[PDB]
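Following: one structure in structure tokens, then a few remarks.
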Amino acid sequence: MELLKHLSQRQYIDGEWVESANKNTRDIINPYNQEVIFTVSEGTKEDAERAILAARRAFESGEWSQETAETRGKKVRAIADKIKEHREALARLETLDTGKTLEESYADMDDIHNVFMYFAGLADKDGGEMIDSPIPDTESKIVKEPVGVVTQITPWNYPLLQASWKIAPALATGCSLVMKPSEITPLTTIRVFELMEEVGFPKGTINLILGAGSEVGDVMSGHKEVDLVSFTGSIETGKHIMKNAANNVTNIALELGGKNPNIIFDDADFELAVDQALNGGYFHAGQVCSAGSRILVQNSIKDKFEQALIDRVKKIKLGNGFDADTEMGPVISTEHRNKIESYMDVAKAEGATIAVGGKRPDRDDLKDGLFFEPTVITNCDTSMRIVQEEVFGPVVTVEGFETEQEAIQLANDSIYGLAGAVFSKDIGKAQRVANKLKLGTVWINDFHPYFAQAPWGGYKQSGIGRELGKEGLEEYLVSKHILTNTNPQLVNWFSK
Amino acid sequence: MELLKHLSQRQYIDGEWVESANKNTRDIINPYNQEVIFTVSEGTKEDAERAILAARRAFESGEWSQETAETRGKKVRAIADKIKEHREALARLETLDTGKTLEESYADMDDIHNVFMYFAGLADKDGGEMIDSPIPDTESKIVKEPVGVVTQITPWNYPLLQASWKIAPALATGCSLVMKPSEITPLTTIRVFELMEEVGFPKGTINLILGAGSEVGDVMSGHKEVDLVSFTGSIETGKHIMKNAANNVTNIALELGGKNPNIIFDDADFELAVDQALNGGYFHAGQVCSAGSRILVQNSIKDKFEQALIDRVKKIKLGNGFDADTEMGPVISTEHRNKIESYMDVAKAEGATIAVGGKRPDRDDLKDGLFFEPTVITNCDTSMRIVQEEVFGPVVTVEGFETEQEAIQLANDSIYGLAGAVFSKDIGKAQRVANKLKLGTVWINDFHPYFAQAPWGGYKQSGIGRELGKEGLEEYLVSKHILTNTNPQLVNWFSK
Amino acid sequence: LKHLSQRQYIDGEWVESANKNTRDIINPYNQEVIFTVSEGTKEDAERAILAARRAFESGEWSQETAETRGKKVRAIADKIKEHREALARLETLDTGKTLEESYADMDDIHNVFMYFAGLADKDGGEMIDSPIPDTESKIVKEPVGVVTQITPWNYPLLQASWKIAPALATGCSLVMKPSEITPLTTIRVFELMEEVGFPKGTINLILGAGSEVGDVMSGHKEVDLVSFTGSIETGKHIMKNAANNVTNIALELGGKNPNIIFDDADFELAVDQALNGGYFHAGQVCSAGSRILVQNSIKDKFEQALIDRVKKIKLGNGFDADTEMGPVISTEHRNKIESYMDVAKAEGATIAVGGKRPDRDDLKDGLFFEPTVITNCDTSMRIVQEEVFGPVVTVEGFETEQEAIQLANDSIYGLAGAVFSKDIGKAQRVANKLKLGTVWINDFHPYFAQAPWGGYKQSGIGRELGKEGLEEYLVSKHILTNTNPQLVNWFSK
Amino acid sequence: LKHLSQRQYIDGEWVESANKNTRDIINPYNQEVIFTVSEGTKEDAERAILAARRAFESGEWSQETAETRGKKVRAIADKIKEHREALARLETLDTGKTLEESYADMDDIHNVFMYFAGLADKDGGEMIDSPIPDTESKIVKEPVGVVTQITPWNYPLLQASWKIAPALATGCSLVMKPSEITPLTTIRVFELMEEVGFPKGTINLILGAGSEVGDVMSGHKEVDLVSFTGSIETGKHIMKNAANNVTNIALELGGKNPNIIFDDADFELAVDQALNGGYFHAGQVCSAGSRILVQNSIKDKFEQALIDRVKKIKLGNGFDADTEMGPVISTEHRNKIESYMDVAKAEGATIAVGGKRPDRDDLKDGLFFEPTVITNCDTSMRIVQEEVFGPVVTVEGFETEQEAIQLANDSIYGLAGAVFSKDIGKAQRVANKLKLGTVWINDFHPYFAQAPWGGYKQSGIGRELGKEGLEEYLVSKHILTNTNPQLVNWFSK
Ligand code: NA
Ligand code: NA
Ligand code: NA
Ligand code: NA
Ligand code: NA
Ligand code: NA
Ligand code: NA
Ligand code: NA
């Protein structure tokens, strides 16, 4: 609330903070108490178009795209340093806007600093290749250029974190960008734009559009001046975005959700597996792309595991993200909580058991917030909607498996392929399983870790492309083969 | 006609040569005389589905996907050697099916051998990376795996050449593939499948579907078991394919056409520029993705250039591709010639001049074939359909430019971005221009060269992704981050 | 042998030694002379180097396209496979090892040439995003130049391939000298390369151990890289000579390679692989597992099992199907191995089995030495620290993982080693702490063209095989173009 | 200077020489003693190496995350920028070059540390697709280990940064010894690194005579890499000493760098850059353009223009803004330069201008030597072939592109050179044929952290700067895991 008195309420287009063309606004809510905490501009499709045209003009001017990579790196580093400088206020703003614990928000800010620092350091480390040409008297080189004008659409769960994954490489490579954060969580994205403006970028290089205005998304994914659309969010919206991008054969990078398996063998460190099953299921109330919502446990220890998990779930502390004792905050919005609630009905109707949770808590200090109890669903199977579909809430399912081969078959039996884990003290076995899982990231005896040094993304319906790592940077580059004939001679194919 | 008596007429699905499920067939035509030369199976959508399921079963069996990269390379090399062994018959078959000169077909076969040889040698050279992890007591590695099941759709202009650009990296990386060549030019693709069978691949690893059956394309682009759709062809079909691929968030690699500029400065080697303008415009009767259909010539030499080009165009020798004196063969089909013809009407109506050509030739030996005269269109400008749209025939437009800046502006003023050239003895100038052109390939003082060592593909509406080179191989790989916690400890976030 | 060349190959011609001297080549199985070859002079070596320089400067190979160089290297690979049987037989005849081991070599050799053939045209350098506005910066990779290559007697053609393949793929000119006692397969491979066809002077073969031949090959001013595989003493001398012209050196010297067996290893696997590590090629392997380190809890069991198996090892003619271990290479080498037995006993170690020449009648004429196990020894002993390079292993116990690592690293060497344990996590921890170029987990011996091979510490400098191996034969050039040059005007006008 | 340390830095402590010996440091502008520092012993050097080894083995820096190591290297970069003024002044005081040149050095140094900071966490090694079924193959890149670093007097802190930055980024422990005559900025950077904070023994600074501690730094068994920048004679000695333990060497020695000026060069640009190439830092630059090669048709015009400009070069105190060229480094060095003038005249060359100490009163107390142009010389002469390393250039003519290339490559060196021509295609053709680590087209002198720097032939071994520079400080380990180990059963059961 302190920081909010100085935070911008506007969009940032072509070097200026500007309101919506029609003066529309949106009230931003704190999910802990459903109170309005801020009011921001709700931009129009014409605003989005203007931002894209500004990004294109800036790209063509070359002020950023032709800046030295070393200098671009120094600027990205300056953003990183600002994130660290404002770590406390940023973490508080993120907890206020998204509801997650302040400790989780601090962790995000540490990661965000590291993301910008990594890409700053990567900016000037390539440039392309020299090719030994198969044609005598020619020089062949591949030059890597910025892809161009990029549109970036981020989700509500980790707004600034996901923004950093897109902004850092775009700026390091010399692109121009237009970003639109989730309409319900724009606060830390507005703040990072203020911080980037303090660092200084050429007019139009960076643009922030706010809202969920009519056709705003369609303009960001379907405009002819866009070279890459990068979207993180729901599968249905991602598919729509990809179909729109097709209208101009535009590159797409998508990170959609997952149905992430947490595979626990009977020779896992049992108390570790229980601890990490809770962590996988319930960090940020399960509102994580890579949440471990699908637990697969070996039959021999399944009963022991379920009882241990359930007993721990009953003790999870719900409350205000600002209170140090809180272990799990509320879910993000009324609409999202309703969707979670509707999945409980689906689960029961198809024959699954709600072993614990599965409703809103009654406690007085939680009544005004968007809370939902941490939930464990048992007696289910792979045919069920509750197992196959991403609920994106504080909910896990538990299925048993007999053998290593069955664990792999079940884990791969989904439309998704983002991340997962294998818990076993037999590292050779864990490695065998990891090699067979169709997942972008596999953890052995861990759950959740990601970092700027390694690419992240999904097989199958979890996405297209990668974020983070050298591969993440590559989404923002395009290759050009320049072939010079150093002794050109007439071909004389056509008669003289 | 000799080779045709032993050539298969069937599809190749799951290790067997099989007819269409409905026994339908298609007559294949020789464009030189419009005679039926062969009759092949015309497959159904159910055939395509069966091939895809076979490819998936084969992929999951691991017989090819878990074969050593070195051994996969040896097999791809064996295909390369077969291409060379059968060079003469393959070249003849390609000229028979597509109409281009036998000399052009020989060049194709030399290129095809080199494409398979390049990928054979690349197969075992990069399995991923070790990452220095930012988390203590963890090991981080990125493993590159085959992307999975791939569908491959090739065009009629260079059937076997374009097939090799797709097959070679798919097999080198360990993917399973389903290929469908253009319905009007299947002959050399059938033959290469016979040759691959001789080398030996596990059942289902390679599949050939033939036809343009109802919903065949839709199944190949929209099936849930496909991990990558790779399509080379027309922009309208490519967009449709991408939209269908979106239904399962499937990776797409597209190479659509271009409106490829041939930029000739007043300080070019003039006779070289004239020679290469002819080559750019009229190889394969202009039916080249990268044909130099859009000549941009400096105003100072434009009159001289037009006269020199026109005088040469009048001498181009049309005829049978099998006759050694032929310099340009027919176009591919009645439908395609009609499309080219309709553009002549469009050009005149919008105010351009048909300086030479622009009709079917009258000569008696050309009357039965699908010939169209090499054509030069003058007095045109960037606003015109004839300049903006890909005609894909033996037709060039000529526009003038005043300055280097105007040449760049005009060259980039199209929806495409595949390839182009800059002719100037001032290499520094040519490099400045090359750096500003939004094209996947730029030639300086040359026109047409491509090779397996360097990536090929388009900016903007010319495509998504790359073929050839290391980047071409990468389309057929997927990255997996395996993170092992080597000293796992309880996090104890959730109370005990 | 009736058709094999007896000469050196210099500047496109098979030629005798300048002084007509020859050397008799021996089969270690029966000590019979099997062939007679030219014994070259230092002047022959100088002529070869000058021919290699002239060929390099002509550009006929160095400026050939990388793709075409790869095709030629592939053609050599194919000739190896075509002549696999005869090459394997020549290698067994010359070196004494089993025909099965020689076949394995020829498969590896084919694969080495095939790997480098495929690599030849895959990386010409990089484009650098220059920090100076209006400049273009690129790094071009060129062949390093003229290279001299000196190979050992244990795996003559194998070690030759590791050097020849990258040199030819990158466009270098080379002068090779195989071990004076084992030239046969190297002569043959030169015949095969000549059939493929290379410009005159690109490849040259010097034969012998003539006075100063080695010195010329390591110290000549026209050499850009000296690549030597052999003994530590000779390697050091070669490096010192190379210094006279600041010449790049690549060295692979021996090792004291540890074979670490934990009490939770697959016991019969560990015994099997301890035998393999110790006795393949009668232990005449740079990476032989001569130093067994076994956990104390299973040490007695392990020693008894190992010793009982060693007593059954079948010695004989490498051509006989039942032979498991052939003879050692020469009288001098066997004498050196014999002298180490004396050293071992004098410093207090026990010769548990073996430690002498076998008595059997069919082995009496050959250079055989019994597979030997030395027990009750420790890290202070010469028998543990020094590379014996014979069919001899030592056995030391360790208590903990930390002690195994300490002992394993307690040598001047750093080539290769193994860790046997069913606990893969533990094996990985140990592997990370061993100062060794190659570490095997639950295996012993494997190497391949796809991965670099070489030593930490006194085991060498540089790497062979893999992309790193290729890089020894390249040099980087930074070409920086100022595209808008302006006067600096630092100095007064 | 009143607050600058006078001591060595060994194992986390500032310490005097074991024998309390000291050395007086001189300012070449006036030959006045400016500071007195410890003159260490060979035992001090040994103690530093052993401390570096202990620190390496503790893993406090070598097992720190690459990301964290990068942050520390970045912190050093920031300290350099913070203390830019004082560092530049100290460098000018110690070495004599202009303050403006010293500022340029400090900006470069900041960028060198920043580059390597950003590179620290960007590799780690490779995953290999193994040719053996049921095996996992990976190459892990580890710090090479303990490194000794010996730097020259011409650009003390610049050359120190090229060595320190990659060593620290990769996780090595280092022992550095700056030139005995120019230790000031190196002492200062160690004070700054100490403020950033590194584990005890990770960084060590030895001060004094190459003749006392040099052999220990190049010949100690605990060293894994010796990195030396300096004279050819010393570099060779160092390499021979390193051979005693088969130790990796990286050497950057001088050059005889050609400045090739075609008749179609931008003439006034070529004159400007010829002066810059010849006379920055009084020609005391490893890559100084001492060998001018000019096309015959413009040679007379060029010589007249160059000579006329050389007469106007302003000599003086590096702290005075009008100074364009400072003094040479020492009495011994100036004497060596003077002796070359005698050599040049005796072999028939012409001293067209300069060739002696200046007479002006304000220059008499300093180690000044006039900028010199030597004409009428040829490639057979010592004055053309040998590196004088002073404010001296030779001028030779050439007729054709082929002759320019032949002459340019006709030296024992191969560090750097330039080609001036408006015909870029021609310049590129020439650049491709010059045996030089760096070739500038229409420029002279530029280097940067993003691109590797080093010499062909006798100019060195290895590279500094760029990704290749980082690689000198890494070692490859192939870890091969057999994931389904089976008995081989070679030996009888
Ligand atoms: Na909110
Ligand atoms: Na996908
Ligand atoms: Na046809
Ligand atoms: Na596109
Ligand atoms: Na022999
Ligand atoms: Na070494
Ligand atoms: Na001094
Ligand atoms: Na050298």
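Order determines the names: the first chain of the structure tokens is A, the second B, and so forth; residues in each chain are numbered 1 upward, and ligands are numbered 1 upward as they are shown.
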Near-ligand residues for ligand 6, threshold 9 Å, only C-alpha atoms and all ligand atoms, as number ranges by chain: C: 251, 413-414, 455-462; D: 224-225, 243, 245-248
Contacts from chain D to chain B, 6 Å maximum, only C-alpha atoms: show me the residue list as a PDB file with N, CA, C and O atoms, in the first residue's frame.
ATOM      1  N   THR D  65      29.616 -22.381  -7.097  1.00  0.00           N
ATOM      2  CA  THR D  65      28.839 -22.412  -8.349  1.00  0.00           C
ATOM      3  C   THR D  65      29.466 -21.436  -9.353  1.00  0.00           C
ATOM      4  O   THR D  65      30.005 -20.376  -8.967  1.00  0.00           O
ATOM      5  N   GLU D  67      27.944 -19.506 -11.351  1.00  0.00           N
ATOM      6  CA  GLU D  67      27.214 -18.273 -11.287  1.00  0.00           C
ATOM      7  C   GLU D  67      27.793 -17.351 -10.206  1.00  0.00           C
ATOM      8  O   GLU D  67      27.947 -16.154 -10.422  1.00  0.00           O
ATOM      9  N   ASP D 123      28.969 -22.706 -19.790  1.00  0.00           N
ATOM     10  CA  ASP D 123      29.277 -24.040 -20.350  1.00  0.00           C
ATOM     11  C   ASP D 123      29.116 -25.054 -19.231  1.00  0.00           C
ATOM     12  O   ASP D 123      28.113 -25.085 -18.518  1.00  0.00           O
ATOM     13  N   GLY D 124      30.140 -25.859 -19.055  1.00  0.00           N
ATOM     14  CA  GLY D 124      30.071 -26.942 -18.111  1.00  0.00           C
ATOM     15  C   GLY D 124      30.456 -28.270 -18.770  1.00  0.00           C
ATOM     16  O   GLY D 124      30.847 -29.200 -18.074  1.00  0.00           O
ATOM     17  N   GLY D 125      30.323 -28.365 -20.094  1.00  0.00           N
ATOM     18  CA  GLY D 125      30.689 -29.579 -20.838  1.00  0.00           C
ATOM     19  C   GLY D 125      29.624 -30.064 -21.801  1.00  0.00           C
ATOM     20  O   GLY D 125      28.703 -29.320 -22.152  1.00  0.00           O
ATOM     21  N   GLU D 126      29.679 -31.338 -22.149  1.00  0.00           N
ATOM     22  CA  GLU D 126      28.783 -31.895 -23.164  1.00  0.00           C
ATOM     23  C   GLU D 126      28.244 -33.258 -22.846  1.00  0.00           C
ATOM     24  O   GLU D 126      28.853 -34.017 -22.111  1.00  0.00           O
ATOM     25  N   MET D 127      27.103 -33.569 -23.432  1.00  0.00           N
ATOM     26  CA  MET D 127      26.552 -34.901 -23.387  1.00  0.00           C
ATOM     27  C   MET D 127      26.928 -35.486 -24.733  1.00  0.00           C
ATOM     28  O   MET D 127      26.755 -34.844 -25.771  1.00  0.00           O
ATOM     29  N   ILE D 128      27.426 -36.712 -24.729  1.00  0.00           N
ATOM     30  CA  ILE D 128      27.855 -37.376 -25.959  1.00  0.00           C
ATOM     31  C   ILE D 128      26.916 -38.517 -26.271  1.00  0.00           C
ATOM     32  O   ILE D 128      26.558 -39.288 -25.391  1.00  0.00           O
ATOM     33  N   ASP D 129      26.545 -38.667 -27.534  1.00  0.00           N
ATOM     34  CA  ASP D 129      25.714 -39.794 -27.943  1.00  0.00           C
ATOM     35  C   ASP D 129      26.712 -40.955 -28.074  1.00  0.00           C
ATOM     36  O   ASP D 129      27.579 -40.981 -28.952  1.00  0.00           O
ATOM     37  N   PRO D 131      28.568 -44.426 -28.724  1.00  0.00           N
ATOM     38  CA  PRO D 131      28.482 -45.503 -29.716  1.00  0.00           C
ATOM     39  C   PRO D 131      28.308 -46.882 -29.071  1.00  0.00           C
ATOM     40  O   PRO D 131      28.213 -47.875 -29.787  1.00  0.00           O
TER      41      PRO D 131
END
Could you give me the residues within range 147-260 of chain B that DSSP places in strand (DSSP E or B), as a list in words? residues 149, 150, 151, 152, 153, 176, 177, 178, 179, 180, 206, 207, 208, 228, 229, 230, 231, 232, 251, 252, 253, 254 and 255 of chain B
Dump of N, CA and C atoms for the selected residues, as a short mmCIF file (atom, residue, chain, number, x, y, z; two decimals), in the first residue's frame:
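This went into again.cif:
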data_model
loop_
_atom_site.label_atom_id
_atom_site.label_comp_id
_atom_site.auth_asym_id
_atom_site.auth_seq_id
_atom_site.Cartn_x
_atom_site.Cartn_y
_atom_site.Cartn_z
N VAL B 149 7.60 -38.38 -33.65
CA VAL B 149 6.94 -38.71 -34.89
C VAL B 149 6.79 -37.45 -35.72
N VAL B 150 7.24 -37.50 -36.98
CA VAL B 150 7.22 -36.34 -37.85
C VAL B 150 6.49 -36.61 -39.16
N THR B 151 5.66 -35.65 -39.58
CA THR B 151 5.00 -35.75 -40.87
C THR B 151 5.69 -34.74 -41.78
N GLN B 152 5.89 -35.15 -43.02
CA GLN B 152 6.69 -34.43 -43.99
C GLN B 152 5.96 -34.35 -45.32
N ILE B 153 5.69 -33.14 -45.77
CA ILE B 153 4.92 -32.89 -46.99
C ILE B 153 5.78 -32.05 -47.92
N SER B 176 10.71 -41.16 -36.24
CA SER B 176 9.92 -41.94 -37.16
C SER B 176 9.21 -40.93 -38.04
N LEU B 177 9.07 -41.25 -39.33
CA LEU B 177 8.51 -40.33 -40.27
C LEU B 177 7.42 -40.88 -41.17
N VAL B 178 6.53 -39.99 -41.55
CA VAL B 178 5.49 -40.26 -42.56
C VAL B 178 5.60 -39.15 -43.59
N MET B 179 5.93 -39.51 -44.82
CA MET B 179 6.12 -38.54 -45.90
C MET B 179 5.02 -38.67 -46.96
N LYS B 180 4.58 -37.53 -47.46
CA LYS B 180 3.64 -37.50 -48.57
C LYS B 180 4.20 -36.52 -49.60
N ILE B 206 9.86 -45.54 -41.28
CA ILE B 206 9.62 -44.75 -42.49
C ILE B 206 8.29 -45.19 -43.12
N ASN B 207 7.51 -44.22 -43.57
CA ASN B 207 6.23 -44.50 -44.21
C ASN B 207 6.02 -43.50 -45.31
N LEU B 208 5.47 -43.97 -46.42
CA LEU B 208 5.16 -43.15 -47.59
C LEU B 208 3.67 -43.21 -47.91
N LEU B 228 5.99 -33.15 -34.88
CA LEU B 228 6.43 -32.09 -35.77
C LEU B 228 5.81 -32.30 -37.14
N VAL B 229 5.24 -31.22 -37.69
CA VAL B 229 4.78 -31.21 -39.07
C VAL B 229 5.76 -30.34 -39.87
N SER B 230 6.36 -30.89 -40.91
CA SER B 230 7.30 -30.15 -41.76
C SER B 230 6.74 -30.08 -43.17
N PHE B 231 6.41 -28.86 -43.60
CA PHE B 231 5.72 -28.64 -44.86
C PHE B 231 6.45 -27.63 -45.72
N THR B 232 6.64 -28.00 -46.99
CA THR B 232 7.17 -27.12 -47.99
C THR B 232 6.13 -27.02 -49.11
N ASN B 251 4.69 -28.72 -33.02
CA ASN B 251 5.75 -27.98 -33.67
C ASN B 251 5.52 -27.94 -35.19
N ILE B 252 5.77 -26.78 -35.79
CA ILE B 252 5.71 -26.65 -37.24
C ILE B 252 7.00 -26.08 -37.82
N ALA B 253 7.38 -26.62 -38.97
CA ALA B 253 8.50 -26.13 -39.74
C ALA B 253 7.88 -25.91 -41.13
N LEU B 254 7.91 -24.67 -41.62
CA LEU B 254 7.33 -24.34 -42.89
C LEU B 254 8.29 -23.61 -43.81
N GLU B 255 8.28 -23.97 -45.09
CA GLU B 255 9.04 -23.24 -46.10
C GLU B 255 8.03 -23.01 -47.19
#
Looking only at the backbone, which of the residues in range 118-267 of chain C does DSSP tag as alpha helix (DSSP H), as JSON, numbers by chain? {"C": [118, 119, 156, 157, 158, 159, 160, 161, 162, 163, 164, 165, 166, 167, 168, 169, 170, 184, 185, 186, 187, 188, 189, 190, 191, 192, 193, 194, 195, 196, 213, 214, 215, 216, 217, 218, 219, 232, 233, 234, 235, 236, 237, 238, 239, 240, 241, 242, 267]}
If we count only C-alpha atoms, what is near range 8-22 of chain B at a cut-off of 6 Å, once residues fewer than 6 positions away on the same chain are taken out, given as a PyMOL selection string? chain B and resi 40-43+51+54+203-204+207-210
Using only C-alpha atoms and all ligand atoms, find each protein or nucleic acid residue lying at most 12 Å from ligand 3; present the set as a VMD selection string. chain B and resid 26 to 40 93 to 100 155 to 159 181 to 189 330 to 334 370
Could you take the residues named above and write them with C-alpha atoms, as a CSV table (one decimal), in the first residue's frame?
chain,number,residue,atom,x,y,z
B,26,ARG,CA,-4.0,-41.6,-59.8
B,27,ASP,CA,-2.4,-41.1,-63.2
B,28,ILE,CA,0.9,-39.3,-63.2
B,29,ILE,CA,1.7,-37.1,-66.2
B,30,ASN,CA,4.9,-35.9,-68.0
B,31,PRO,CA,4.5,-32.1,-68.5
B,32,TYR,CA,6.5,-32.1,-71.7
B,33,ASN,CA,3.8,-34.0,-73.6
B,34,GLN,CA,0.9,-34.3,-71.1
B,35,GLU,CA,1.0,-38.1,-71.5
B,36,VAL,CA,0.2,-40.5,-68.7
B,37,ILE,CA,3.5,-42.1,-67.6
B,38,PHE,CA,2.5,-44.1,-64.6
B,39,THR,CA,-0.4,-45.0,-62.3
B,40,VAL,CA,0.0,-45.0,-58.5
B,93,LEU,CA,12.9,-40.1,-63.5
B,94,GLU,CA,12.9,-36.6,-62.0
B,95,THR,CA,13.1,-35.0,-65.5
B,96,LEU,CA,10.3,-37.3,-66.7
B,97,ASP,CA,8.0,-36.4,-63.8
B,98,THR,CA,8.8,-32.7,-63.4
B,99,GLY,CA,10.0,-31.6,-66.9
B,100,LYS,CA,13.2,-29.8,-65.9
B,155,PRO,CA,6.4,-29.9,-53.2
B,156,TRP,CA,6.3,-30.8,-56.9
B,157,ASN,CA,9.2,-28.6,-58.0
B,158,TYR,CA,12.2,-30.5,-56.7
B,159,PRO,CA,10.5,-33.6,-55.3
B,181,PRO,CA,5.1,-36.1,-51.8
B,182,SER,CA,3.2,-33.9,-54.1
B,183,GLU,CA,0.3,-35.8,-55.7
B,184,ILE,CA,1.5,-34.9,-59.2
B,185,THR,CA,5.2,-35.8,-58.8
B,186,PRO,CA,5.6,-39.0,-56.6
B,187,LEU,CA,8.0,-41.0,-58.8
B,188,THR,CA,11.5,-40.3,-57.3
B,189,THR,CA,10.0,-40.3,-53.8
B,330,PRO,CA,7.7,-26.8,-69.5
B,331,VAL,CA,5.8,-25.7,-66.3
B,332,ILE,CA,4.3,-28.5,-64.2
B,333,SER,CA,0.6,-28.7,-64.9
B,334,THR,CA,-2.4,-27.3,-66.7
B,370,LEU,CA,2.8,-27.2,-70.8
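Comparing A:419, A:147, A:346, A:442 by their smallest distance to chain B, the closest is A:442 (using only C-alpha atoms).
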Around ligand 5, at most 9 Å away and counting only C-alpha atoms and all ligand atoms, which residues are there? Put them as a PyMOL selection string, please. chain C and resi 24-28+31+33-35+91-96+153+180-184+329-330
Show me, as an NGL selection string, the residues of chain B whose atoms get within 7 Å of chain A, using only C-alpha atoms for the distance check. :B and (227 or 239 or 242-243 or 246-251 or 272 or 275 or 312 or 315-316 or 327 or 439-446 or 454-455 or 460-461 or 463-464 or 479-485 or 488-496)
Would you give me, as JSON, numbers by chain, the residues of chain D that come within 6 Å of chain C, using only C-alpha atoms? {"D": [236, 240, 243, 245, 246, 269, 312, 313, 437, 438, 439, 440, 441, 442, 458, 477, 478, 479, 480, 481, 482, 487, 491, 492]}
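Straight-line separation from CA of residue 361 in chain C to CA of residue 97 in chain C: 19.3 Å.
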